[PDB]
Amino acid sequence: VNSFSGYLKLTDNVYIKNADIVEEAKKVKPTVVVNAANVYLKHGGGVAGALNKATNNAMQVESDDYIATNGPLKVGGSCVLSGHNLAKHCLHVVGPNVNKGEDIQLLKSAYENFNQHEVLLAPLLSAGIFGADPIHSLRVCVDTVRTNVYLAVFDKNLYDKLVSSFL
Ligand SMILES: Nc1ncnc(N2CC[C@@H](Oc3ccncc3)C2)c1Cl
């Protein structure tokens, strides 16, 4: 038993809710919240901009030190940093950005990072401003992640389409 509430169960291990991941994170304090990161950990907009704003820019400060030491992430890669006031840890995961021309096949590699964590609160990777189809992202999630994932979908209209079209 865990503290996630109001989720619809899609599979043995994937759950989905119409929720703001920031508000969801502040209430649940999950062990891991996933950020929709880019390789530079520049948290300017979308999920990343929202999560970072909720940390009063502490996520960005930590991220800039990470990049100065380690260099950029790979598309499809991840790093574990602090969850600040939102979670114990933040798993920064880089899905391919279609608006930058990145290969969509890298979406599966991106979701594989979730398997290193038993339970996660996450957005749909490569959705929103990353330009991929969220229905495809949900399919890849279900077919790749084996650990327990709680997906927060900000847009109610999108949440209803994802559920109604789920196979
Ligand atoms: N998945 C998302 N994609 C893009 N923007 C989002 N947010 C939530 C509200 C606002 O973010 C904050 C964050 C901290 N204080 C007030 C508002 C935009 C989200 Cl939740």
# chains A, B, ... in the order shown; residues from 1 in each chain; ligands from 1
call {"tool": "closest_atom_pairs", "arguments": {"of": "chain A", "to": "ligand 1", "cutoff": "9 Å", "atoms": "only C-alpha atoms and all ligand atoms", "output": "CSV"}}
result
residue,atom,partner,partner_atom_place_in_ligand_line,distance
A:19,CA,ligand 1,20 (Cl),7.5
A:20,CA,ligand 1,20 (Cl),4.1
A:21,CA,ligand 1,20 (Cl),5.0
A:22,CA,ligand 1,20 (Cl),5.4
A:23,CA,ligand 1,20 (Cl),7.4
A:24,CA,ligand 1,20 (Cl),8.8
A:45,CA,ligand 1,4 (C),6.5
A:46,CA,ligand 1,4 (C),3.8
A:47,CA,ligand 1,3 (N),4.0
A:48,CA,ligand 1,3 (N),7.4
A:49,CA,ligand 1,5 (N),6.8
A:50,CA,ligand 1,11 (O),3.9
A:51,CA,ligand 1,13 (C),6.0
A:52,CA,ligand 1,13 (C),7.3
A:53,CA,ligand 1,14 (C),4.9
A:54,CA,ligand 1,14 (C),3.9
A:55,CA,ligand 1,14 (C),7.6
A:56,CA,ligand 1,14 (C),8.1
A:123,CA,ligand 1,1 (N),7.1
A:128,CA,ligand 1,3 (N),7.3
A:129,CA,ligand 1,3 (N),8.6
A:152,CA,ligand 1,1 (N),7.8
A:153,CA,ligand 1,1 (N),6.8
A:154,CA,ligand 1,1 (N),5.1
A:155,CA,ligand 1,1 (N),8.0
call {"tool": "write_last_selection", "arguments": {"atoms": "C-alpha atoms", "output": "short mmCIF file (atom, residue, chain, number, x, y, z; two decimals), in the first residue's frame"}}
result
data_model
loop_
_atom_site.label_atom_id
_atom_site.label_comp_id
_atom_site.auth_asym_id
_atom_site.auth_seq_id
_atom_site.Cartn_x
_atom_site.Cartn_y
_atom_site.Cartn_z
CA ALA A 19 -3.45 16.07 -11.79
CA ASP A 20 -0.84 18.81 -11.60
CA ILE A 21 2.40 16.92 -10.92
CA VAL A 22 3.62 19.83 -8.77
CA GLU A 23 0.55 19.73 -6.54
CA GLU A 24 0.59 16.00 -6.65
CA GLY A 45 9.07 25.55 -19.23
CA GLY A 46 6.66 22.68 -19.38
CA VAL A 47 6.87 20.24 -16.50
CA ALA A 48 10.49 21.19 -15.78
CA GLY A 49 9.77 24.89 -15.53
CA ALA A 50 6.84 24.17 -13.20
CA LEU A 51 8.78 21.78 -10.93
CA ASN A 52 11.71 24.17 -10.72
CA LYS A 53 9.46 27.16 -9.97
CA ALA A 54 7.93 25.16 -7.12
CA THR A 55 11.46 24.69 -5.66
CA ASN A 56 12.09 28.48 -5.76
CA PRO A 123 4.61 12.84 -16.43
CA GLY A 128 3.62 18.57 -24.00
CA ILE A 129 6.24 20.94 -25.38
CA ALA A 152 0.05 12.74 -13.67
CA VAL A 153 -1.60 14.32 -16.71
CA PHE A 154 -2.19 18.06 -16.34
CA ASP A 155 -4.76 18.52 -19.12
#
call {"tool": "residues_around", "arguments": {"residues": "residue 73 (chain A)", "least_positions_apart": "2", "cutoff": "10 Å", "atoms": "only C-alpha atoms", "output": "number ranges by chain"}}
result
A: 37-41, 67, 70-71, 75-79, 92-94
call {"tool": "write_last_selection", "arguments": {"atoms": "N, CA, C and O atoms", "output": "PDB file, in the first residue's frame"}}
result
ATOM      1  N   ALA A  37      13.146  16.486 -18.355  1.00  0.00           N
ATOM      2  CA  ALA A  37      14.354  17.285 -18.485  1.00  0.00           C
ATOM      3  C   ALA A  37      14.838  17.355 -19.927  1.00  0.00           C
ATOM      4  O   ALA A  37      14.460  16.544 -20.780  1.00  0.00           O
ATOM      5  N   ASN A  38      15.701  18.343 -20.190  1.00  0.00           N
ATOM      6  CA  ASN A  38      16.542  18.352 -21.380  1.00  0.00           C
ATOM      7  C   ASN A  38      17.991  18.068 -20.975  1.00  0.00           C
ATOM      8  O   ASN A  38      18.324  18.003 -19.789  1.00  0.00           O
ATOM      9  N   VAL A  39      18.853  17.870 -21.975  1.00  0.00           N
ATOM     10  CA  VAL A  39      20.220  17.415 -21.699  1.00  0.00           C
ATOM     11  C   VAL A  39      21.028  18.422 -20.906  1.00  0.00           C
ATOM     12  O   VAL A  39      22.014  18.046 -20.263  1.00  0.00           O
ATOM     13  N   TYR A  40      20.639  19.695 -20.940  1.00  0.00           N
ATOM     14  CA  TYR A  40      21.342  20.762 -20.237  1.00  0.00           C
ATOM     15  C   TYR A  40      20.770  21.016 -18.855  1.00  0.00           C
ATOM     16  O   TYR A  40      21.273  21.888 -18.136  1.00  0.00           O
ATOM     17  N   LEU A  41      19.714  20.292 -18.485  1.00  0.00           N
ATOM     18  CA  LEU A  41      18.974  20.542 -17.249  1.00  0.00           C
ATOM     19  C   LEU A  41      18.606  22.023 -17.116  1.00  0.00           C
ATOM     20  O   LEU A  41      18.686  22.606 -16.032  1.00  0.00           O
ATOM     21  N   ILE A  67      25.747  20.008 -14.088  1.00  0.00           N
ATOM     22  CA  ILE A  67      26.224  20.102 -15.471  1.00  0.00           C
ATOM     23  C   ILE A  67      27.661  20.609 -15.516  1.00  0.00           C
ATOM     24  O   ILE A  67      28.473  20.152 -16.329  1.00  0.00           O
ATOM     25  N   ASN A  70      29.653  17.432 -14.682  1.00  0.00           N
ATOM     26  CA  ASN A  70      29.471  16.193 -15.430  1.00  0.00           C
ATOM     27  C   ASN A  70      29.208  16.378 -16.912  1.00  0.00           C
ATOM     28  O   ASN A  70      29.277  15.392 -17.653  1.00  0.00           O
ATOM     29  N   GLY A  71      28.900  17.586 -17.364  1.00  0.00           N
ATOM     30  CA  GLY A  71      28.482  17.799 -18.731  1.00  0.00           C
ATOM     31  C   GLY A  71      27.052  17.337 -18.949  1.00  0.00           C
ATOM     32  O   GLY A  71      26.381  16.830 -18.041  1.00  0.00           O
ATOM     33  N   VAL A  75      20.313  12.232 -24.659  1.00  0.00           N
ATOM     34  CA  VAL A  75      18.896  12.006 -24.952  1.00  0.00           C
ATOM     35  C   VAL A  75      18.608  10.530 -24.714  1.00  0.00           C
ATOM     36  O   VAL A  75      19.324   9.656 -25.216  1.00  0.00           O
ATOM     37  N   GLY A  76      17.575  10.243 -23.917  1.00  0.00           N
ATOM     38  CA  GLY A  76      17.284   8.901 -23.460  1.00  0.00           C
ATOM     39  C   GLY A  76      17.881   8.594 -22.103  1.00  0.00           C
ATOM     40  O   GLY A  76      17.570   7.539 -21.536  1.00  0.00           O
ATOM     41  N   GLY A  77      18.726   9.481 -21.563  1.00  0.00           N
ATOM     42  CA  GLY A  77      19.380   9.253 -20.294  1.00  0.00           C
ATOM     43  C   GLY A  77      18.719   9.978 -19.136  1.00  0.00           C
ATOM     44  O   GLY A  77      17.652  10.586 -19.258  1.00  0.00           O
ATOM     45  N   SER A  78      19.364   9.881 -17.977  1.00  0.00           N
ATOM     46  CA  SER A  78      18.794  10.417 -16.754  1.00  0.00           C
ATOM     47  C   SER A  78      19.893  10.661 -15.731  1.00  0.00           C
ATOM     48  O   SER A  78      21.016  10.152 -15.840  1.00  0.00           O
ATOM     49  N   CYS A  79      19.533  11.429 -14.707  1.00  0.00           N
ATOM     50  CA  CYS A  79      20.334  11.501 -13.495  1.00  0.00           C
ATOM     51  C   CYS A  79      19.402  11.674 -12.306  1.00  0.00           C
ATOM     52  O   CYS A  79      18.287  12.187 -12.443  1.00  0.00           O
ATOM     53  N   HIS A  92      15.677  13.114 -13.243  1.00  0.00           N
ATOM     54  CA  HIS A  92      15.624  13.945 -14.445  1.00  0.00           C
ATOM     55  C   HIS A  92      15.817  13.027 -15.640  1.00  0.00           C
ATOM     56  O   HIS A  92      16.884  12.431 -15.792  1.00  0.00           O
ATOM     57  N   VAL A  93      14.787  12.883 -16.475  1.00  0.00           N
ATOM     58  CA  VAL A  93      14.816  11.966 -17.615  1.00  0.00           C
ATOM     59  C   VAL A  93      14.648  12.771 -18.891  1.00  0.00           C
ATOM     60  O   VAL A  93      13.731  13.593 -18.986  1.00  0.00           O
ATOM     61  N   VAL A  94      15.515  12.525 -19.872  1.00  0.00           N
ATOM     62  CA  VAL A  94      15.484  13.239 -21.144  1.00  0.00           C
ATOM     63  C   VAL A  94      14.802  12.364 -22.185  1.00  0.00           C
ATOM     64  O   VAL A  94      15.405  11.428 -22.722  1.00  0.00           O
TER      65      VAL A  94
END
call {"tool": "select_by_dssp", "arguments": {"residues": "chain A", "states": "strand (DSSP E or B)", "output": "VMD selection string"}}
result
chain A and resid 8 to 9 14 to 18 32 to 36 78 to 82 89 to 93 119 to 122 148 to 153
call {"tool": "write_last_selection", "arguments": {"atoms": "N, CA and C atoms", "output": "short mmCIF file (atom, residue, chain, number, x, y, z; two decimals), in the first residue's frame"}}
result
data_model
loop_
_atom_site.label_atom_id
_atom_site.label_comp_id
_atom_site.auth_asym_id
_atom_site.auth_seq_id
_atom_site.Cartn_x
_atom_site.Cartn_y
_atom_site.Cartn_z
N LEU A 8 -6.60 5.94 -11.72
CA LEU A 8 -7.18 4.85 -12.49
C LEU A 8 -6.06 3.86 -12.80
N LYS A 9 -6.34 2.57 -12.62
CA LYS A 9 -5.36 1.52 -12.83
C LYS A 9 -5.42 1.11 -14.30
N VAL A 14 0.88 0.32 -13.97
CA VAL A 14 0.74 1.69 -14.46
C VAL A 14 -0.62 2.24 -14.05
N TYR A 15 -0.59 3.43 -13.46
CA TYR A 15 -1.74 4.17 -12.96
C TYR A 15 -1.72 5.57 -13.55
N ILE A 16 -2.89 6.19 -13.70
CA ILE A 16 -2.99 7.50 -14.35
C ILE A 16 -4.05 8.38 -13.68
N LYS A 17 -3.76 9.66 -13.55
CA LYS A 17 -4.64 10.61 -12.88
C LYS A 17 -4.55 11.96 -13.59
N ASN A 18 -5.67 12.66 -13.65
CA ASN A 18 -5.68 14.06 -14.09
C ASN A 18 -5.23 14.90 -12.91
N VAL A 32 10.30 9.33 -5.45
CA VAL A 32 10.84 9.80 -6.72
C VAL A 32 9.76 10.55 -7.50
N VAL A 33 10.05 11.79 -7.89
CA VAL A 33 9.31 12.49 -8.92
C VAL A 33 10.19 12.57 -10.16
N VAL A 34 9.60 12.29 -11.32
CA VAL A 34 10.31 12.39 -12.60
C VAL A 34 10.12 13.78 -13.18
N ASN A 35 11.23 14.37 -13.61
CA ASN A 35 11.21 15.61 -14.37
C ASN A 35 11.40 15.30 -15.85
N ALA A 36 10.63 16.02 -16.68
CA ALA A 36 10.79 16.03 -18.13
C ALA A 36 11.92 16.98 -18.50
N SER A 78 19.36 9.88 -17.98
CA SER A 78 18.79 10.42 -16.75
C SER A 78 19.89 10.66 -15.73
N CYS A 79 19.53 11.43 -14.71
CA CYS A 79 20.33 11.50 -13.49
C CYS A 79 19.40 11.67 -12.31
N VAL A 80 19.87 11.24 -11.14
CA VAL A 80 19.14 11.39 -9.89
C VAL A 80 19.71 12.59 -9.13
N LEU A 81 18.86 13.55 -8.81
CA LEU A 81 19.24 14.69 -8.00
C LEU A 81 18.23 14.82 -6.87
N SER A 82 18.38 15.88 -6.07
CA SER A 82 17.45 16.10 -4.97
C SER A 82 16.03 16.34 -5.46
N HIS A 89 13.74 12.40 -4.04
CA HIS A 89 14.63 12.46 -5.18
C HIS A 89 13.86 12.95 -6.39
N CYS A 90 14.57 13.60 -7.30
CA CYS A 90 14.06 13.87 -8.64
C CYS A 90 14.89 13.09 -9.65
N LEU A 91 14.21 12.26 -10.43
CA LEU A 91 14.83 11.58 -11.56
C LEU A 91 14.61 12.45 -12.79
N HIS A 92 15.68 13.11 -13.24
CA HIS A 92 15.62 13.94 -14.44
C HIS A 92 15.82 13.03 -15.64
N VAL A 93 14.79 12.88 -16.48
CA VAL A 93 14.82 11.97 -17.62
C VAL A 93 14.65 12.77 -18.89
N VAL A 119 8.97 2.75 -7.29
CA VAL A 119 7.75 3.55 -7.40
C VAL A 119 8.11 4.97 -7.83
N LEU A 120 7.35 5.53 -8.77
CA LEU A 120 7.61 6.88 -9.27
C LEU A 120 6.32 7.62 -9.56
N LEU A 121 6.34 8.93 -9.31
CA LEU A 121 5.36 9.88 -9.84
C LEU A 121 5.98 10.51 -11.07
N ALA A 122 5.27 10.51 -12.19
CA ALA A 122 5.91 10.91 -13.43
C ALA A 122 4.92 11.57 -14.38
N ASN A 148 6.38 0.45 -10.53
CA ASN A 148 5.07 1.05 -10.32
C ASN A 148 5.12 2.54 -10.62
N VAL A 149 4.39 2.96 -11.65
CA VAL A 149 4.43 4.33 -12.12
C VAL A 149 3.04 4.95 -12.04
N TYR A 150 3.00 6.13 -11.43
CA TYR A 150 1.81 6.95 -11.23
C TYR A 150 1.95 8.15 -12.15
N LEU A 151 1.17 8.17 -13.23
CA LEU A 151 1.27 9.20 -14.26
C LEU A 151 0.31 10.34 -13.98
N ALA A 152 0.85 11.54 -13.86
CA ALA A 152 0.05 12.74 -13.67
C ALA A 152 -0.07 13.44 -15.01
N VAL A 153 -1.31 13.66 -15.45
CA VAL A 153 -1.60 14.32 -16.71
C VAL A 153 -2.32 15.63 -16.39
#
call {"tool": "atom_distance", "arguments": {"atom1": "CA of residue 100 (chain A)", "atom2": "CA of residue 136 (chain A)"}}
result
17.9 Å
call {"tool": "atom_distance", "arguments": {"atom1": "CA of residue 6 (chain A)", "atom2": "CA of residue 113 (chain A)"}}
result
25.2 Å
call {"tool": "closest_residue", "arguments": {"among": "A:110, A:63, A:26, A:72", "to": "residue 85 (chain A)", "atoms": "only C-alpha atoms"}}
result
A:26
call {"tool": "select_by_dssp", "arguments": {"residues": "region 68-163 of chain A", "states": "alpha helix (DSSP H)", "output": "count of residues only"}}
result
29
call {"tool": "residues_around", "arguments": {"residues": "region 139-147 of chain A", "least_positions_apart": "4", "cutoff": "7 Å", "atoms": "only C-alpha atoms", "output": "JSON, numbers by chain"}}
result
{"A": [13, 14, 108, 111, 112, 114, 115, 117, 118, 119, 135]}
call {"tool": "atom_distance", "arguments": {"atom1": "CA of residue 131 (chain A)", "atom2": "CA of residue 88 (chain A)"}}
result
28.7 Å
call {"tool": "decode", "arguments": {"residues": "region 68-117 of chain A", "atoms": "C-alpha atoms", "output": "mmCIF file, in the first residue's frame"}}
result
data_model
loop_
_atom_site.group_PDB
_atom_site.id
_atom_site.type_symbol
_atom_site.label_atom_id
_atom_site.label_comp_id
_atom_site.auth_asym_id
_atom_site.auth_seq_id
_atom_site.Cartn_x
_atom_site.Cartn_y
_atom_site.Cartn_z
ATOM 1 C CA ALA A 68 29.358 22.086 -14.646
ATOM 2 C CA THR A 69 30.836 18.907 -13.126
ATOM 3 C CA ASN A 70 29.471 16.193 -15.430
ATOM 4 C CA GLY A 71 28.482 17.799 -18.731
ATOM 5 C CA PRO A 72 25.154 17.251 -20.471
ATOM 6 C CA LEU A 73 22.996 14.175 -20.249
ATOM 7 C CA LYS A 74 22.278 11.937 -23.243
ATOM 8 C CA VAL A 75 18.896 12.006 -24.952
ATOM 9 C CA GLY A 76 17.284 8.901 -23.460
ATOM 10 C CA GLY A 77 19.380 9.253 -20.294
ATOM 11 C CA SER A 78 18.794 10.417 -16.754
ATOM 12 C CA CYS A 79 20.334 11.501 -13.495
ATOM 13 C CA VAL A 80 19.144 11.394 -9.886
ATOM 14 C CA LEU A 81 19.236 14.695 -8.000
ATOM 15 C CA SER A 82 17.452 16.096 -4.974
ATOM 16 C CA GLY A 83 13.673 16.277 -4.884
ATOM 17 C CA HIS A 84 13.902 19.492 -2.822
ATOM 18 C CA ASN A 85 10.500 20.298 -1.260
ATOM 19 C CA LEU A 86 8.637 18.056 -3.726
ATOM 20 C CA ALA A 87 10.015 14.515 -3.240
ATOM 21 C CA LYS A 88 12.976 12.693 -1.752
ATOM 22 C CA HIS A 89 14.628 12.464 -5.180
ATOM 23 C CA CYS A 90 14.059 13.875 -8.640
ATOM 24 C CA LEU A 91 14.834 11.582 -11.558
ATOM 25 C CA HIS A 92 15.624 13.945 -14.445
ATOM 26 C CA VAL A 93 14.816 11.966 -17.615
ATOM 27 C CA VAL A 94 15.484 13.239 -21.144
ATOM 28 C CA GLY A 95 12.910 12.089 -23.644
ATOM 29 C CA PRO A 96 13.468 12.969 -27.294
ATOM 30 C CA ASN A 97 12.203 16.422 -28.281
ATOM 31 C CA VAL A 98 10.377 16.130 -31.617
ATOM 32 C CA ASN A 99 10.575 19.920 -31.979
ATOM 33 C CA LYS A 100 14.385 19.419 -32.089
ATOM 34 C CA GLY A 101 14.344 16.500 -34.524
ATOM 35 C CA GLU A 102 15.353 13.739 -32.042
ATOM 36 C CA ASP A 103 14.644 10.115 -32.788
ATOM 37 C CA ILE A 104 11.394 8.924 -31.228
ATOM 38 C CA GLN A 105 12.773 5.461 -30.770
ATOM 39 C CA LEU A 106 14.809 7.009 -27.929
ATOM 40 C CA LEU A 107 11.545 7.267 -25.996
ATOM 41 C CA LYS A 108 11.806 3.599 -24.972
ATOM 42 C CA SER A 109 15.360 4.157 -23.701
ATOM 43 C CA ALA A 110 14.110 7.158 -21.711
ATOM 44 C CA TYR A 111 11.373 5.104 -20.020
ATOM 45 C CA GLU A 112 13.872 2.325 -19.182
ATOM 46 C CA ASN A 113 15.356 4.685 -16.581
ATOM 47 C CA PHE A 114 12.132 4.314 -14.571
ATOM 48 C CA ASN A 115 12.920 0.610 -13.984
ATOM 49 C CA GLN A 116 15.724 1.582 -11.591
ATOM 50 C CA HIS A 117 13.077 2.853 -9.112
#
